[PDB]
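Read the single chain below, which is given as structure tokens and is the form solved without ligand VUO.
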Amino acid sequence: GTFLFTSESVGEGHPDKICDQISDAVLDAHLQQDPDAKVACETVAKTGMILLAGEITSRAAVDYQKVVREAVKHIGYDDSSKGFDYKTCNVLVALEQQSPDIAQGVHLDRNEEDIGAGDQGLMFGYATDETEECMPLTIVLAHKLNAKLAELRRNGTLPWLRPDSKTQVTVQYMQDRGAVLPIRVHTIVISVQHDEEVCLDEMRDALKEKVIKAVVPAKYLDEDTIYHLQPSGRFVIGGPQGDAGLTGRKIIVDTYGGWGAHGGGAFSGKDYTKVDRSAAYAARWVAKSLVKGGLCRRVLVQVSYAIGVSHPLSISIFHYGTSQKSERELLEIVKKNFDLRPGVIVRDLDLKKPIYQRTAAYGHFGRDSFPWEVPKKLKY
């Protein structure tokens, strides 16, 4: 019954993640002034460049140069020696208004509760009782390893660290009537950008002793655990200089690390009318409510929409065999307890609030008691 499963995460300075954080900094800047801003902000990052491309219709007056540079400063790219500098990079803007054809079909002259979905699409939510936060252990550990690197970089413990990092955790699991039980950590990968002076042995020793041991419980690590620490051997060039980044290129790191499923839509840079984000948050909320409500040990929820139509076209449930109730019965409970129209989700989950930049690194789920993380008490 044992099997392996692997998930990854990336740090705040990974170039794709930089783009997600900038897109969400732009969204938050608009929402701070105009709660009804229509935002679809894509970011591209390459050596010396941040480009904003997309569509925004808003009453806000946003200084894009300032917002982008402040987000890059927070990440830690503040000197040409690190490969990128917020003070001196190029910020290019190619932002236009939202298409009037989309606006008229989605939200113009519509009652807010009856606003149409901002696009068609499918979205999934997932939850698992294997951790208290209802997330897979593989991705929780991978995110915590990146957070630990950023913490040790920022506190000056490991001053050779730079912001760009990736981690990957393989866990050996057992299964119990469809539920999954972590046994041990089989393999860990960590790659992190570093300065020119530190040697490979110093980095590998620090990654094991100060990063892994500070994050992963000793009970999961044993003589057989495999460690791939700085496996490329050299990672001085990093950030956008090493690899072009784009918004919405870490959608599995943003969600469930290979567990569950994904409908394809990116989250960052989008206001609530874009169901790629709002309905995925609501689907997580449903899945977590079913698990915390004791109806399932783990569950996957699909929802789908048509552009301009408020009610979902379909809702579906997959409980992996972890409920005494059928998936048909769980779907009936979901339909009695939730209303997944985007104009209702916005109210339930407070989606006009400018908290989006906080979601754009370390996963959107299983952290900080955001509204989609607070289970709904179910009536049935």
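For every residue, the number given is its place in the sequence shown, counted from 1.
Keep in mind that the form deposited with ligand VUO bound is not shown, yet the notes after this line are about it.
Participant: Only one of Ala147, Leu295, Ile251, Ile75 has a non-hydrogen atom within 4.5 angstroms of ligand VUO in the deposited bound form; which is it?
Facilitator: That would be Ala147.
Participant: In the deposited bound form, which of the listed residues (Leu207, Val286, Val140, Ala279) lies with a heavy atom within 4.5 Å of ligand VUO?
Facilitator: Going through each option in turn, the one that passes is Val140.
Participant: Flag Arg367 as yes or no: does it have a non-hydrogen atom within 4.5 angstroms of any non-hydrogen atom of ligand VUO in the deposited bound form?
Facilitator: Flag for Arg367 set to yes.
Participant: Might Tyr362 be said to contact ligand VUO in the deposited bound form, defining contact as any heavy atom within 4.5 Å?
Facilitator: Because a heavy atom of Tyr362 falls inside 4.5 Å of ligand VUO in the deposited bound form, the answer is yes.
Participant: So, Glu133 and ligand VUO: in the deposited bound form, are they within 4.5 Å at any heavy atom pair?
Facilitator: Output for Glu133 is yes: heavy atoms within 4.5 Å of ligand VUO.
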